[PDB]
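Each chain, letter by letter, is given below.
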Amino acid sequence: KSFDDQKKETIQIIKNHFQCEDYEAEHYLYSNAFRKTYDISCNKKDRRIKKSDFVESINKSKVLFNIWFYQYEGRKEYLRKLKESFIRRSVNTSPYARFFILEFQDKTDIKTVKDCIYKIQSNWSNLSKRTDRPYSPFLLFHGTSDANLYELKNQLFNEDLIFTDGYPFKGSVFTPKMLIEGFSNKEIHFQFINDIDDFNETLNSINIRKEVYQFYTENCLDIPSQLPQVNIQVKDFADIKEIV
Amino acid sequence: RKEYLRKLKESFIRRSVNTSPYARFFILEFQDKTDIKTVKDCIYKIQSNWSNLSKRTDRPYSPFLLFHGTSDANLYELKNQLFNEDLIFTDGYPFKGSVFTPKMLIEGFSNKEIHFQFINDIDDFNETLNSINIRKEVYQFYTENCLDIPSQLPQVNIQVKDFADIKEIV
Amino acid sequence: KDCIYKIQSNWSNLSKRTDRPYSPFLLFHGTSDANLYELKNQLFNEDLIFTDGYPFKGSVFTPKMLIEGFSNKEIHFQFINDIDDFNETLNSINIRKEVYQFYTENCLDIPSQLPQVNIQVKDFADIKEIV
Amino acid sequence: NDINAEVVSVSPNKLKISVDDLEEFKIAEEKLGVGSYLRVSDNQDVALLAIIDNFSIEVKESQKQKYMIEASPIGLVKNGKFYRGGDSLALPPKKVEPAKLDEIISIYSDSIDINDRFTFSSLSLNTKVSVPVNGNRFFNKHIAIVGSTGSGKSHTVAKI
Amino acid sequence: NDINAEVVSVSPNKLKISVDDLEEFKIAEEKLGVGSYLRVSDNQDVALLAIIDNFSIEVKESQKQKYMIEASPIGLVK
Ligand SMILES: Nc1ncnc2c1ncn2[C@@H]1O[C@H](COP(=O)(O)OP(=O)(O)O)[C@@H](O)[C@H]1O
Ligand SMILES: [Mg+2]
């Protein structure tokens, strides 16, 4: 019994276990179950685990990274199916309120972060002067120091990438209305959400369809479950550009 | 009282004469004894008189506002109130944690949707001074403390009893 | 009504040439609801269209009806029934507000955050040509 | 950027495209000619492809350079895989770029199997992409090679 | 309302339909194409069914999107 014949039976057994749809079982349940089985097989203190608690620990809206497929089909192909699993697009992209939450650490410099914002802004925005429903992405960054966070925002404004954060002047309170109009503003390229308290306020001010695309490495943030979520582990910030 | 207010309006301001799109600077003395209410009435009188943002024009202009002598607690509170009454202003800080960008003061001067320009403190005022290229005039209005002005700029100094008489002169 | 018509004519711009119209807000106090409603009935019959945030019978106070009526050219002015509706529409209006008080004996209490003037008059008749 | 073009009106089988900036003049010379390929989308994974059928470049006294491109959709590209069919509709406006070499390669390298590929020519507007034909359907369905005298019809005949 | 389309001109065998909103982009892809079936009515009891023959979606600088659908009446649903 080789690896290729064991591939389709492990996919098929998890399909009717959760009674889910087609492409969830390929990457959202199988790759999640492969890590937690390996996380307890390599554990030298506990190996005998009942499968009753294995079901609930797997069924979370989280897509974790595993080293073994990244070595198998490589970085050109592992990120390729990650684009077609949860980042599917059509020709006509509807003007939805798309929220992009990316993990910023001190190990990743500004330069590997900046073109990811350029990748998100170019692919998920239509600031054409001819359209009537313009849309711009929402950007969230977390896990970084405020000095490094303001350092990134300063250099974005110097190369003509105009954004808003709900702070139109120095000393302003957080007004989410300027975030709302910047979504429909053609001169505002994207929206920069500063904090979590900044984040939780602007869902309540949005009546249109909302979407969250989380791309993180270590720590996840508890986004409310009734929004559509895409939570994806990556190794470093360089992979996030190739998925969006 | 009435004859006092008539003299400084005619002598220094000349509201009807000056209609050219110049970068006019209004430096005001904000103190703790003056509440936010009478400050807002002056700012609305400055913006209505010394700006032209009508759609028929081709050379729009907006005044520059600077406040000194007050704390930052009520300076930001006045700024927060002024934004809520749809009096859109820029002060060189388009986002949180930004450095002072004078180019936002350059573009907001010619922007019709931007009613006036705020200046937080002294070194912000000195930095945009080298960023304006066109003719600038400073109309300093003060009660007890006067601010230094560069000697190469057209400056007027007007002394008032308190902040209430100020909107009458403007 | 002569004071209301003078306030409406002087302090509104409902012409079609402008792009930022405005209408005054009217408040009355010290009188009973019997003649306050009778005044409201007489104004509506003379094609002086107004609103008070009560678009239908048995309605909770809707401050956004005074918001649209401020910018509506077909609504000449905005009526306010009493103090409780006055403070409710105060927090709903974001733009600059001024209070103009014309009282003979009893003066209402205005919040101290608004630019307010108080005018003392001998009667109601001389209020008309002050505005 | 170098080119700023977008779709201003669509038809069942035709798109009107207006070029707004056209900063680099070398894009218009080879990549905006008649019969060239344009990428019509707002993202970089799913797009329409279009043959340029006609164009009209008007210039005048004070108004801007009126560059209009008439294009017809030939199919769909999804993650580098080309699908034939003009049934897909692009809602305007859609950002228009000349197609990169990988999409043009994927036009001819997808409908024909790798063992069935019979390459004897390359595309005229883009030399770097070779055009293979289905050598099965090339010879069963008979070949009619047509040209004027001195056009190279016999040189084409012998090269096949 | 996901769709807002409405007849603006009537011929003996032709209709002019103007789409005003187009909130859902998915309706235009597979339900507003040529040969699709349109329901022309002011109620949900009696209707006219139509074949879409032609369409044109123009966009310009300032004014709104002009989506014009050319259809022909093909029958009656009671
Ligand atoms: N693939 C090619 N690339 C460039 N030139 C070609 C090619 N094939 C033919 N020609 C040119 O076309 C010219 C005409 O020759 P040919 O087409 O054989 O004439 P005819 O079709 O009348 O017999 C030749 O002189 C040759 O240089
Ligand atoms: Mg020959």
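Conventions used here
Residues numbered from 1 in each chain as written, not as in the entry; some residues may be left out. Chains lettered and ligands numbered in written order. Part of a larger assembly, values for the part shown. Heavy atoms only, no water. Residues with missing side-chain atoms left out of burial classes, pairs and counts. Pairing = 2+ DSSP bridges. Helix = DSSP H or I, 4+ residues; strand = E, 2+ residues; numbered from the N terminus. Contact = heavy atoms within 4.5 Å. Axes fitted to C-alpha atoms, helices over the stretch in contact; angles between N-to-C directions. Near = heavy atom within 4 Å. Polar contact = N/O pair within 3.5 Å; in protein donor to acceptor, adjacent residues only side chain to side chain. Areas by Shrake-Rupley, 256 points an atom, 1.4 Å probe, with all protein chains shown as cover. Nonpolar A, V, L, I, M, F, W, Y, C, P; charged D, E, K, R; others polar. Parallel < 35°, antiparallel > 145°, perpendicular 65-115°, else oblique. Salt bridge = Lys/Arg side-chain N within 4 Å of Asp/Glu carboxyl O. Buried < 20%, exposed > 50% of the residue type's maximum accessible area, 1.4 Å probe, protein only. Core = buried A, V, L, I, M, F, W, Y, C linked by side-chain atoms within 4.5 Å. Left-handed = near helix turned anticlockwise from the far one by under 90°.

- The record names cryo-EM as the way this model was obtained, at a resolution of 2.92 Å.

- The deposited entry bears the title "Cryo-EM structure of an anti-phage defense complex bound to AMPPNP and DNA at state 2".

- Chain A goes by DUF4297 in the PDB entry, where it is assigned to Escherichia coli.

### Remarks on the sheet that holds strand β3 (residues 89–90) of chain B
Residue and element names in this part refer to chain B.
Part 1: The strand order across the open sheet formed by six strands is β3-β4-β2-β1-β5-β6, and the pairing between neighbours is parallel. At either end of the open sheet lies a strand with only one pairing partner, and these are β3 and β6 (155–159).
Part 2: Direction of pairing for β3 relative to strand β4 (residues 116–119): parallel, over a ladder of two bridges. What sits directly across from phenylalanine 89, in β4, is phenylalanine 116.
Part 3: In this fold helix α4 (residues 102–110) packs onto β1 (23–29), β2 (64–68), β3 and β4, with an angle of close to 155 degrees to the strand it touches most, β4.

### Topic: the site of ligand 1
All names here are of chain D.
Part 1: Taken together, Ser148, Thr149, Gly150, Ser151, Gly152, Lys153, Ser154 and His155 are the residues near ligand 1.
Part 2: At a separation of 2.5 Å, an oxygen atom of ligand 1 approaches a polar side-chain atom of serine 154.
Part 3: Contacts to ligand 1 include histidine 155, whose backbone N or O atom sits 3.3 Å from an oxygen atom.
Part 4: Expressed as a share of its isolated accessible area of 550 Å², the protein-covered part of ligand 1 is 43%.
Part 5: Residue composition of the shell around ligand 1, grouped by class: no nonpolar, seven polar and one charged.

### What to know about the packing of helix α1 (residues 3–18) of chain A against helix α2 (residues 24–41) of chain A
Residue and element names in this part refer to chain A.
Part 1: Between α1 and α2, the least distance of the axes is 9 Å, while the angle of their chain directions is 85 degrees. Taken together, the axes of α1 and α2 lie roughly perpendicular to each other. Together, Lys7, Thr10, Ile11, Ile14, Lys15 and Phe18 of α1 and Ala25, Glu26, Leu29 and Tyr30 of α2 make up the contact between the two elements.
Part 2: Grouping the amino acids of the contact of α1 with α2 by side-chain chemistry returns six nonpolar, one polar and three charged.

### Regarding the pattern of salt bridges
Part 1: If you walk through the whole model with that rule in mind, you get 34 salt bridges over all chains.
Part 2: Here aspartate 41 of chain B makes a salt bridge to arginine 96 of chain C, at a shortest N to O gap of 2.6 Å. Placement of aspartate 41 of chain B in helix α2 (residues 36–49) and of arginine 96 of chain C in the loop between α4 (83–92) and β4 (99–103) is noted, with the two residues assigned to different chains.
Part 3: Exposure remark for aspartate 41 of chain B: the relative accessible area of 13% places this residue in the buried category.
Part 4: Linking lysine 14 of chain D and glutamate 70 of chain D is a salt bridge whose minimum nitrogen-to-oxygen distance equals 3.7 Å.

### Here we look at the sheet that holds strand β2 (residues 50–51) of chain C
Residues and elements named next belong to chain C.
Part 1: The three strands are arranged β1-β3-β2 in an open sheet whose pairing can be described as parallel. Bordering the open sheet on either side are β1 (25–27) and β2, each of which pairs with just one other strand.
Part 2: As paired elements, β2 and strand β3 (residues 77–80) share two bridges and run parallel to each other. Its bridge partner lying in β3, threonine 51 is registered against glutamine 78.
Part 3: Each of β1, β2 and β3 touches helix α3 (residues 63–71); the most contacted strand, β3, lies at about 155 degrees to it.

### Some points on the nonpolar core
Part 1: In terms of nonpolar packing, the biggest core is built from 47 residues, with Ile87, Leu102, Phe141, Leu152, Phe215 and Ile232 of chain A touching the most fellow members.
Part 2: Ranked by residue count, the leading element in this core is α2 of chain A, at five residues.
Part 3: Those residues in contact with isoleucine 232 of chain A, other than ones at most four positions away along the chain, are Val63, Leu82, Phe86, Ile87, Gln214, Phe215, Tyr216 and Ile243 of chain A.
Part 4: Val40 of chain D together with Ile17, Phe55 and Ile69 of chain E belong to the second-largest nonpolar core, a separate cluster that totals 42 residues.

### Points about the packing of α2 of chain B against helix α3 (residues 72–84) of chain B
Residue and element names in this part refer to chain B.
Part 1: Where α2 meets α3, the axes come as close as 11 Å, and the angle between the chain directions of the two elements is 55 degrees. The orientation of α2 relative to α3 falls into the category oblique. Crossing handedness for the pair α2 and α3: right-handed. Along the contact surface, α2 presents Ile36, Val39, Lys40, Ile43 and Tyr44, while α3 presents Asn74, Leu78, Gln81 and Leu82.

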